[PDB]
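No value in this document is a laboratory result; all are computed from the given coordinates. Here the Cβ is made from the backbone with ideal geometry for all residues, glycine too, and neighbour counts use every protein chain on show.
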Amino acid sequence: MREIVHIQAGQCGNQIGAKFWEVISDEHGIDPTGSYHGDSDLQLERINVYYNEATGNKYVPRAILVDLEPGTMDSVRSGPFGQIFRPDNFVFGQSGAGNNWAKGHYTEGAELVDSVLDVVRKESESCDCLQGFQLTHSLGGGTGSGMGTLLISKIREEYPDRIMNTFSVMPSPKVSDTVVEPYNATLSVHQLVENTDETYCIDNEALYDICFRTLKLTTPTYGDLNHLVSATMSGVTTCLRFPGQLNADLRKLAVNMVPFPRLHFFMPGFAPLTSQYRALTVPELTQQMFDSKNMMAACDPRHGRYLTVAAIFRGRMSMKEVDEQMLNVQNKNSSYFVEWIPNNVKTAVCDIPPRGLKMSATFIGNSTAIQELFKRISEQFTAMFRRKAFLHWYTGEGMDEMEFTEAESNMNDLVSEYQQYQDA
Amino acid sequence: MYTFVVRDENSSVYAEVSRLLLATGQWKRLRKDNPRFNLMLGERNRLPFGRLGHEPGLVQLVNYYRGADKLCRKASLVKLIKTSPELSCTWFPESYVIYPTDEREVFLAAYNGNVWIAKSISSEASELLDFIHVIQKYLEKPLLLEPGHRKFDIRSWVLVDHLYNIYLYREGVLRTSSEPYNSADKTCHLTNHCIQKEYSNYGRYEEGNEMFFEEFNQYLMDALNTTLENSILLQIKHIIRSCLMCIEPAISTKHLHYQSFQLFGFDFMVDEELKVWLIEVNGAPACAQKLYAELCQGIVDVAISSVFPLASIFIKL
Amino acid sequence: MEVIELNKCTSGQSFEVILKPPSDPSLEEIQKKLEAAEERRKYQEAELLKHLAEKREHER
Amino acid sequence: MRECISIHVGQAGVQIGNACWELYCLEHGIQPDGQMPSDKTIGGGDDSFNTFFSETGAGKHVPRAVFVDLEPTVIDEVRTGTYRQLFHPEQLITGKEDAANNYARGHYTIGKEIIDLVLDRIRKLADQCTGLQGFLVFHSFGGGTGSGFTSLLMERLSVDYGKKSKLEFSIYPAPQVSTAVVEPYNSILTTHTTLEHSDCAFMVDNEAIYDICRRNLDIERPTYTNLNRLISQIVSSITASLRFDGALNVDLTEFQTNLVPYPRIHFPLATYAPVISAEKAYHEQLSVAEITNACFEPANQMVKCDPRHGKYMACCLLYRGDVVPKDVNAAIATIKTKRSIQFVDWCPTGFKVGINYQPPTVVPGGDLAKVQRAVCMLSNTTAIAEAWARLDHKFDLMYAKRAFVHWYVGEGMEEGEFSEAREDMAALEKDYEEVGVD
Ligand SMILES: Nc1nc2c(ncn2[C@@H]2O[C@H](COP(=O)(O)OP(=O)(O)OP(=O)(O)O)[C@@H](O)[C@H]2O)c(=O)[nH]1
Ligand SMILES: Nc1ncnc2c1ncn2[C@@H]1O[C@H](COP(=O)(O)OP(=O)(O)CP(=O)(O)O)[C@@H](O)[C@H]1O
Ligand SMILES: Nc1nc2c(ncn2[C@@H]2O[C@H](COP(=O)(O)OP(=O)(O)O)[C@@H](O)[C@H]2O)c(=O)[nH]1
Ligand SMILES: COc1ccc(-c2[nH]nc3c2-c2cc(OC)c(OC)c(OC)c2CC3)cc1
Ligand SMILES: [Ca+2]
Ligand SMILES: [Ca+2]
Ligand SMILES: [Mg+2]
Ligand SMILES: [Mg+2]
């Protein structure tokens, strides 16, 4: 019956995790108390994938809230749908991880991780058939980045044949907490390459630009950025939450998206970008969602090639028109799909749209231009690490320079692995 | 907006239409192996017809007719004129087929002149078979034109679109062996650019030997009181209609998942009663230099844009 | 064009027209192959738990 | 009477199973509760419909069928659909997690957990057979279950019933429907493993049925329900001779001998006409010659290919409806002239023909109009190799970069089984070229 266990970790993790659950609890008819008050019953067919059944059969998310400080988490639970979350599923330390990967992965996080795996175990033991885990987190902080990849190291150990799937927010100098972010993120990516099956790369650069250039928000807030993420995340997961000709689970998704096991970082895109009264026509949905301006990862798809693509349209619309338009975008732009993976673009449609939009289209691209993101983070990293700058924050927690060059190395390789398939 | 691959590079003719297509701002050459194409300019042979018409949302068309080799290799060709009812046939030279299918006493009952032509030349039915391959009769007396006693050879270019309209190009070429022609000595017996571009003086009695149609008609009027239309072209159009309509129910792409056009070169000969004869049907023909521009454009109008619209020089048969 | 072997009945008919005439692996061996697949699976799972265990050593 | 047991494997096999068995019921007048009022031999019978149905003392007519999916979701709809009572709990079989479109996961990994249970469920049906003649296995090429598990079951069915014939209905993958980008992998893998174990296999290209469902039914996108309800018609005509009084193709051994001269080349091309829309309300009903003619249009074939550029090795015509032999030889006389229909030198140019006078049944409120007469042609033509060439190319494109191979190795398979299975198909392509050209 194919559940996912959702884990949100850190400040960014739990803020984005929080909106995602209100966004889709609205989509499933669940109120802030956990009680279902929807019209359809398609709202309840795949409900079990994200929600456990409850009291007078209310619905609690299958979510685990993780942090090394309580601040964000108190904020979540005193926020809107903060009541729906199982209070036992609030696992938190007190010291924080100081924007420090090592504190999350080796010291502070190490102390807390066992308590989290107790909650993952009780959430997952109550699963007739669990299919995988999805983790939300940033990679530039300490908790979501350092502890989050520790958690994945552990979940992989206890559950080696489940899918591990993350939504990962990349640091960008444009929208930065601290200067050590490329360090934290290079170290997280070394982990993600090994221990996840699929990672959606949400770049904070791109969310800023969409907010500024497109949505016309002069100075965007983190809430404005997480508006775009909770809409993409709702989008990316509608197949798992709603029934269709597609019997969509994490493993089938990974099987068709990932040709080579390391190359599993996806460029999400969304259309329309909203912060609106004419529904977009299908020809625009598909022109927009493939436009670089609607990508969440801040890489130009025309700078690389799509290994694989997965698109979904939400609303009631011409199933033939999306077929036609989808097939048409491939031939206007066949230079940008790989000749050696036949039929590498797959398209689903859902009759139920997101709140407020009558027609929406979400895009998932395994493009070799995602390399730009890692090239970007790698330049920044080297820029500091050549002068060994800010390293004391990490050597103070047991880490050695060697661990750093290995992480620099594994990511420069991943960039080579991506360039070689751009040339084929 | 239209796409097309090119999979025969040294195709003299189609190299040029690939030029013309790009030069309209409405056609894009993809790489050979890109499958999402509108139009294939396929390879000479082993053209993978079985992989066309299978890309959803793609109208696909190729510049070749699967099965047309049966007309274009003298083995299958000869075979076609005897096996098929629609070909009885008073314009093809009498013919058989030998292997180093197989029936050879065929070649005997007719032997009481007796001269034949060796390639796939002699009067001796023995030295030939040392090749150990089609081998048949040489017109011991052709029409021979003057001033200069030049034994010639006519090539016509025929286009067949996806609808199987048969289009004769109005410009034929006449490739003459402008030098003398004797008996028995194997030079003017063969008239084109294979024994006269190597062995055999490459344009004596005019420009490169190569009479086009306007002149040959004027000669015929002056030399014979007839026209090219009446003496020859009627017979040519009859030959072309008859071959291509024999094989039509075997190669027609009317109700199948892709579609075909193709350009053929027909090679004819004349005698003095101005009887026209058919030698070979060329399936990949090159054009005459002065005509490339006009024929290669006519291919696009009738065979390519008739199926892919945008924003005569042929005689329909 | 010659007809052969016509059979009628209540349901209908069948016949043949002619227009011209002419001119195993045993179980134990899949037992091997199939269990030889389960062992390279568990070799792969072992070498995974081995690297995870090395990672705990580094963590520690 | 010799019984036939049917095995529907995977999402495609099961769902087509529903379409076929529902049609079978409508055709033999069996009701959603297994009652067959027209059946007088109560709870027993040697009738030809008993080839596919056994009976209970309470008069229930129960398919000689086993449904098996590595995942409950689809077969569950059988367990709670209109024909829930038709079946016995034991003959619908589900696993926990499916093969995730992975041949190696359905064959090797999840294969062995279910194979000994499913053969046992088959032995249950085999044991109430007084003369079982073999099985008819329905499955997709593309699914992990359809491909991977079926090739494992086809291995064991050979060892447990080596004296029984095994006929396949296989769904060939097509992007206009279809799922995994790796279906070319599953396709090559499963035919290479099932080849020496199948006696006769009817390929149905989803692309052909789609197009048919669009042109002849004016259905913009067709559903699985559309596709399957049409596939059911073709299967019904192919199977009708085992379920009805007849003299042609009355047992599975007859399909081999009538359609398959060499065991490797056991994929007959199927052509079926007519396909008429139920919302084309005024319609001119087609003659015998018109429908026999359409048997030679590529656009009616279960696999799009050009039979004009290969040789035949057997022709079978099966007519349902208002057909008499005279009209058939008159249409064959015409069509022999009009059309290039070249048999192999060492085979008779000729048609084995069968007529059942009950015209095709169409599902009430379905999409096909009922027609006065219909034909289905089984031709063993070498032009079906076009579908292998297509499949094998898509396979070459990916496997030259080893795309997605790691998902298979991760399950125990070895790249060698990839190139072993691709060389088998290279040989199967040469076979078809020998028989087909000079
Ligand atoms: N014609 C037809 N094709 C189907 C049907 N269901 C699935 N397919 C096709 O089968 C392929 C997918 O295989 P499935 O049968 O769904 O796979 P499965 O056997 O369930 O195996 P897994 O789900 O991987 O465990 C694709 O090519 C689909 O187009 C159906 O009901 N009718
Ligand atoms: N029946 C015939 N009588 C007299 N001359 C003949 C003849 N058939 C051919 N010829 C001569 O043979 C030379 C033409 O050669 P041909 O067209 O057959 O090329 P070819 O054999 O190389 C086939 P391809 O173009 O495919 O390579 C001609 O000038 C021509 O006069
Ligand atoms: N998009 C987005 N990014 C965030 C949010 N909060 C923090 N970030 C980013 O996350 C990184 C800092 O990590 P953070 O989550 O604050 O630290 P942690 O609590 O130790 O995991 C920086 O790159 C911030 O730009 C948020 O709500 N939305
Ligand atoms: C590149 O070719 C392919 C891509 C994906 C799949 C697949 N198989 N099964 C599923 C999916 C799938 C697709 C989804 O997008 C269409 C999808 O939505 C995000 C989606 O939701 C997460 C899923 C999950 C359900 C198949 C082929
Ligand atoms: Ca501490
Ligand atoms: Ca009975
Ligand atoms: Mg922070
Ligand atoms: Mg399935």
Other-chain or far-sequence residues with amide H under 5 Å of A:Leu135's (modelled H): A:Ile7, A:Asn165, A:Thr166, A:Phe167
Percent of C-alpha pairs per 10 Å bin, chain B, short to long: 5, 24, 31, 24, 12, 3, 0
Relative contact order of chain D, defined on C-alpha pairs under 8 angstrom at six or more residues apart (%): 16
Considering only chain A, percent of DSSP beta bridges that pair antiparallel, nearest 5: 35
Test item: D:259-267 mean partner chain Cβ contacts at 10 Å: 0
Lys, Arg +1 and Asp, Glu -1 on Cβ, resulting dipole of the stretch A:137-179 about Cα centre, debye, nearest 20: 100
Summed residue charge, Cβ within 10 Å of A:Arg376's Cβ, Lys/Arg positive, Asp/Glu negative: -3
Burial ranking of peptide ranges A:155-164, D:8-17 (average Cβ count within 10 Å, highest at the top): D:8-17, A:155-164
Residue order, fewest to most surrounding Cβ atoms within 10 angstrom, among A:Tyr418, B:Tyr292: B:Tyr292, A:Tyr418
Dipole of the stretch D:384-438 [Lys/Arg +1, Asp/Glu -1 at C-beta], most positive-end residue of D:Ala421, D:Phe395, D:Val437: D:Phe395
Cβ-placed point charges (K, R +1; D, E -1), dipole of chain A about Cα centre in debye, nearest 20: 1100
Relative contact order (%) - the stretch A:1-259, alpha-carbon pairs under 8 angstrom, separation at least six: 23
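Sorted from fewest to most neighbouring beta carbons within 10 Å, what does the list A:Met295, A:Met411 look like?
Result, fewest neighbours first: A:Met411, A:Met295.
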Listed residue (C:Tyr43, A:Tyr59, C:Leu27) projecting farthest to the positive dipole end of the protein assembly as shown, Cβ model: A:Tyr59
Kirkwood estimate for the stretch A:267-317, i.e. one over the average of 1/r between Cα atoms, Å: 12.0
Formal net charge of residues neighbouring D:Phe169 (Cβ-Cβ distance under 14 Å; K, R +1; D, E -1): -2
Top of D:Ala270, D:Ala403, D:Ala281 by mean-square fluctuation, Gaussian network on chain D, Cα under 10 Å: D:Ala281
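Per residue of D:428-437, how many C-beta atoms from partner chains lie within 10 Å of its own C-beta, taken as a mean?
Details: counts 0, 0, 0, 0, 0, 0, 0, 0, 0, 0.
The shielding value for this peptide is 0.
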Separation in nanometres of the label points that stand 7 Å from Cα toward Cβ, at D:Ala278 and A:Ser176: 6.6
DSSP beta bridge pairing in the stretch D:269-383, given as percent antiparallel to the nearest 5: 70
Sequence-distant residues sharing a close amide H with A:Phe260 (under 5 Å, placed H): D:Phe404
Per residue Cα convex hull volume in Å³ - calculated over the stretch D:269-383: 100
Dipole magnitude of chain B, debye to nearest 20 (Cβ charges: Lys/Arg +1, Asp/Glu -1, about Cα centre): 1360
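For the peptides D:365-371, D:271-277, D:426-432, what is the packing order when you average, over each peptide's residues, the other Cβ atoms within 10 Å and list the highest mean first?
Packing order, densest peptide first, comes out as D:271-277, D:365-371, D:426-432.
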Overall form of the stretch D:234-337 per C-alpha gyration tensor (a/c, 1.5; a/b vs b/c): prolate
Average beta carbon contacts from partner chains per residue of B:256-263, 10 Å cutoff: 2
Nonlocal amide H pairs with A:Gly93, under 5 Å, H built at 1.01 Å: A:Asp67, A:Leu68, A:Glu69
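Percent of Cα-Cα pairs more than 26 Å apart in the stretch D:1-268, please.
Tail fraction, whole percent: 37.
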Cα gyration tensor category, rounded, prolate or oblate, for chain A with a/c compared to 1.5: oblate
Diffusion coefficient, µm² s⁻¹, Stokes-Einstein with Kirkwood Rh over alpha-carbon pairs of the protein assembly as shown at 4 °C and 1.567 mPa s: 38
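List the trypsin sites (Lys or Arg not before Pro) in the stretch D:157-262 that DSSP assigns to loop (not H, G, I, E or B) and whose Cβ has at most 10 other Cβ atoms within 10 Å. Which are they? Don't jump to the answer; show the numbers that get you there.
Values: sites: D:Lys163, D:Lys164, D:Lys166, D:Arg214, D:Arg215, D:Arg229, D:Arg243; in loops: D:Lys163, D:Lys164.
In loop regions of the stretch D:157-262 (DSSP not H, G, I, E or B), the sparsely surrounded trypsin sites (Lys or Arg not before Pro) are D:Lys163.
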Karplus (6.51, -1.76, 1.60) ³J(HN,Hα), θ = phi - 60°, over the stretch B:186-194, in Hz, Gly and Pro reported as x: 9, 10, 6, 4, 10, 10, 5, 10, 10
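Considering only chain B, what is the antiparallel percent among its DSSP beta bridges, to the nearest 5? Mind showing how you got there, number by number?
Working: 29 of 39 bridges.
Roughly 75 percent of the beta bridges in chain B run antiparallel, per DSSP.
Rank the residues D:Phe343, D:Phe138 as a footprinting-exposure proxy: fewest other Cβ atoms within 10 Å of their Cβ go first.
Fewest-to-most ranking of D:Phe343, D:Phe138: D:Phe343, D:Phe138.
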Listed peptides A:317-330, B:53-66, D:173-186 by packing density, highest first (mean Cβ within 10 Å): D:173-186, B:53-66, A:317-330
In Hz, Karplus ³J(HN,Hα) per residue of the stretch A:86-99 (6.51, -1.76, 1.60; θ = phi - 60°; x = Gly, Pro): 4, x, 4, 8, 9, 10, 8, x, 10, 6, x, 10, x, 6
In order through the stretch C:7-23: 3J(HN,Hα) via Karplus (6.51 cos²θ - 1.76 cosθ + 1.60), integer Hz, x for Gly, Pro: 10, 9, 6, 6, 5, x, 9, 8, 5, 9, 9, 10, 10, 4, x, x, 9
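Around A:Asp31, what is the net charge, scoring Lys/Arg as +1 and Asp/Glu as -1 over all other residues with Cβ under 12 Å from its Cβ? Can you show the working numbers first?
On the way: positive: A:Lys58; negative: A:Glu22, A:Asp26.
Around A:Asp31, the charge tally is -1.
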